[PDB]
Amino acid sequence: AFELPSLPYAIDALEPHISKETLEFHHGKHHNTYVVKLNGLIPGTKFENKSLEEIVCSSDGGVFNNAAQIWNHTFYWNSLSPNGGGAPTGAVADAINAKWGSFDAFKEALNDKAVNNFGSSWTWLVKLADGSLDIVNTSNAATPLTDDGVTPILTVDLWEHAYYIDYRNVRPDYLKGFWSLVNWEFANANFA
């Protein structure tokens, strides 16, 4: 069966941006529930012996909601880092300049998409088939991982459990936290 990946850092490693408690519920409870829920759904079904990605790329309903959420979340914890934040670097920094003209322009473009992403959703930095960076929003469990020629680069969870303990209703404050945490390294690895 599937297992809950270990967090890539200490539970308080992302303080003061994302709290030890948010990580305890978000990773320890929510992510974990998606994993039990998927395990509880695959016994004696096609998805029996398949990899997570194989499953998301081939299901609908409950199996997809749960599998995608497991993948989307693991992608999310990686998008954050106790040593991330600040100016982008290497190849990603450059492709962001190619696309938006500047990092600041990219930042404002992402924020806009994220604050306005209606309901439980996800906002992604992606690499397109033409090799260019773009920002796309997904709702609930939808993930670009299932889009041909689209390479997820980074993601921001916008379901309210991701920031309500720490920022209540103000997404902009949460996003301020994300930019302090952004894992550019994970970003460049995915990009290249």
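Residue indices: 1-based, along the sequence shown.
Mean CA B-factor, 167 to 175 versus 180 to 188: the higher value falls on 180 to 188.
The PDB entry assigns the greatest CA B-factor among 141, 136, 154, 41 to 41. Remark: residue 146 belongs to the highest third of its chain, ranked by C-alpha B-factor as recorded. Residue-level temperature factors show residue 45 in the highest third of its chain, judged at the C-alpha atom. Among the modelled residues of the chain, residue 31 sits in the middle third by CA temperature factor in this PDB entry. Ranked by C-alpha B-factor against the other modelled residues of its chain, residue 162 falls in the lowest third.
Split the chain's modelled residues into thirds by C-alpha temperature factor. Residue 123 is in the lowest one.
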